[PDB]
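No letters, just coordinates:
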């Protein structure tokens, strides 16, 4: 109902997620998303684009 | 006053042999001179060669750009002295009025 | 002129709907009543002629024509000739009185401009120019030169013509670099962003076309949605993620006209929907955009497939850049499309090579390629000098 | 061929977009079949 939040925080949260992912991607690569997916507890696909997005 | 005296690269190579020449002998010298410690003292640094690594590529990679100036090195030549005689001779070979 | 030339274009494009036909000449059929449009509406009725433009009271009346609105009457002409002559006769002695009294400098050129603008209404690509010339002959103002811009713009863009006008557009803007101070650069870049939009603009004035707005539009030469639409799509289909997601990500400009015209719904809309990195959603959005955008508008149609497959390709870059390792299957299969057919035109991007995509048919898997030291940087180097070297060979090819 | 087009590559080819849309239906329709 609050577009601000509705706008800002969502994306804001999403960054945090990345920031988390970013922190999770600190563990080095060639690593299965599902790890992180599992780690973050998110769909790899759901991860992916966002993951990709970065 | 020094300056008043005297009056590129191949040299740099030239010593290449020199030490090596003696060196191996210098062993064989001391070898068969005494046939000291310092020789082994040398011996270690020896492997300091065949040392080269695909870091070699860097060289290659580096050497590339080095050459990029090529088309530029003589480009100005390419452009510079060629179109220089065409403005002095046309002026001149045709100067030739009376 | 604008709707004229477009409702020209529209029906001259009539493919999808009889309305594409209908709606267009509908007005025109009244607009030829509005203005005495015959002399080009004459050839305009030969414009779409030999397709469906084949039904006319003067030129051709044919059943294969789905448009009969490409019809005339000589009354139109009599009306016209009257109107015209009326117009003519009016300005004649008027301009002649402008000549007689030595009356005004631009005020002389004024009724000239009036003389000219008839030909805009008339669909005469003639005296108006000479009139403009003899307007411009009377032009003491770059504002009359501005009117040259207008004129030449009304000239070419009444037919949506090309170069001379653009050239004039240059020539007219070449005189004083002012650009109507802030503006006529607009008209310049506008029409330029249309000129170059023939058929291209592609990178070129697409930006420019995107850039200034709405700082003019023209009526008879354009509407504002027009540039917006046009500016968007090309600049869109051309420019960067960043740029677009810097700019068409949105503009108050956009925010104003977003879906205001629905005359878009798609352009970056479905493209940022694409730029959301979709697969399937955008896959219709294309043609959804296309037939709603491309076929509709002059250059938007005329260019056609420039657009089509690049964004098609484009996303794959994203899709690649996501994945070193992407299963094309996971792509083409798991994207719920023709694998192969998708893959085929996708494979038609192997020779277009803009794929770094390293891609399977069998295992249906996609991989990447990368500039590395090669780049184009240490890559392009070869030819660049070569061409010079040629010119350098050419250089020495002089000697004597 | 006319005067000045966008020029090269070359005209390439045509009858794709709809052919695609046909499949943009079909592919998706196939995906609707899916």
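Done, it's in. Numbering: from 1, shown residues only, chains lettered A, B, ... in the order given.

Please work out which residue of the stretch 1-150 of chain C is closest to chain A.
Nearest to chain A, among the residues of the stretch 1-150 of chain C, is residue C:16, at 34.2 Å (Cβ to the nearest Cβ). C-beta here means a position set from N, CA and C on the backbone, and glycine is covered the same way.

How many residues are close by that residue?
Residues lying near residue C:16 (other Cβ atoms under 10 Å in any protein chain shown) number 11.

tell me the contacts of it?
For residue C:16, the set of contacting residues under the criterion of Cβ atoms under 8 Å, 6 or more residues apart in numbering or on different chains consists of C:291, C:295.

Now name the helix or strand holding it.
Under DSSP states H and E, no helix or strand contains residue C:16.

Ok, the one 5 residues further on next?
For residue C:21, the element it lies in under DSSP H and E is helix C:18-34.

Quick check: next helix or strand after that helix?
Reading on from helix C:18-34 to the C-terminus, the next helix or strand found by DSSP H and E is helix C:38-47.

by contact count, what packs against that following helix?
Under the contact criterion of 3 or more Cβ pairs under 8 Å, 6 or more residues apart in numbering or on different chains; DSSP states H and E, the helices and strands touching helix C:38-47 comprise helix C:2-12, helix C:18-34, helix C:74-100, helix C:106-122.

That one to helix C:106-122, inter-axis angle?
Compare the direction of helix C:38-47 with that of helix C:106-122 by axes from the mean of the first three to the mean of the last three Cα atoms, to 10 degrees and you get 30 degrees.

where's helix C:38-47 relative to the chain centroid, distance-wise?
Here helix C:38-47 is found 21 Å from its chain centre; the criterion is Cα atoms, centre = their mean, to the nearest Å.

In that helix, which residues are buried?
Along helix C:38-47, these residues count as buried under the neighbour rule (16 or more other Cβ atoms under 10 Å in any protein chain shown): C:38-42, C:44-47.

Could you give the number of residues near residue B:90?
Applying other Cβ under 10 Å, we find 11 other residues in the vicinity of residue B:90.

Stretch C:261-274 close to chain A?
No. No part of stretch C:261-274 sits near chain A under the criterion Cβ under 8 Å from any Cβ of the partner chain; the closest distance found is 12.3 Å.

Could you tell me the end-to-end distance of that stretch?
By Cα to Cα, to the nearest Å, the extent of stretch C:261-274 from end to end equals 20 Å.

Any part of stretch C:245-257 near chain A?
No. Contact between stretch C:245-257 and chain A is absent, the nearest approach being 11.3 Å (criterion: Cβ under 8 Å from any Cβ).

Name the residues of chain D found near chain C, please.
Contact residues of chain D with respect to chain C, defined by Cβ under 8 Å from any Cβ, are listed as D:3-6, D:12, D:14, D:16-18, D:20-21, D:23-28, D:30-31, D:34.

Quick check on those: which are buried?
In those, burial by neighbour count holds for D:6, D:16-17, D:20-21, D:23-24, D:26-28, counting by 16+ other Cβ under 10 Å.

if you look at these, which of them are in helices?
Residues from these lying in helices, with DSSP state H as the criterion: D:17, D:20-21, D:23-24, D:26-28.

Distance to residue C:378 added to these, as CSV?
Compiled in CSV, these are given as follows (distance: Cβ to Cβ, whole Å):
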residue, distance to residue C:378
D:17, 38
D:20, 38
D:21, 42
D:23, 41
D:24, 41
D:26, 45
D:27, 40
D:28, 43
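
contacts with chain B among those, please.
Applying Cβ under 8 Å from any Cβ to those, none is adjacent to chain B.

one step back: just curious, which of the buried residues of helix C:38-47 is nearest to residue B:20?
Proximity of those to residue B:20, judged by Cβ to Cβ, is greatest for residue C:47, which lies at 88.9 Å.

mind checking how far the closest one is from residue B:7?
When distances are taken as Cβ to Cβ, to the nearest Å, residue C:47 and residue B:7 turn out to be 88 Å apart.

Without its sequence neighbours, what residue ends up closest to residue C:360?
For residue C:360, ignoring the flanking residues on the chain, the nearest one in space by Cβ to Cβ, 6 or more residues apart in numbering or on different chains is residue C:328 at 5.6 Å.

what do you get for residue C:173?
Nearest residue to residue C:173, sequence neighbours excluded (Cβ to Cβ, 6+ apart): residue C:188, at 4.8 Å.

Okay then, goodbye and thanks.
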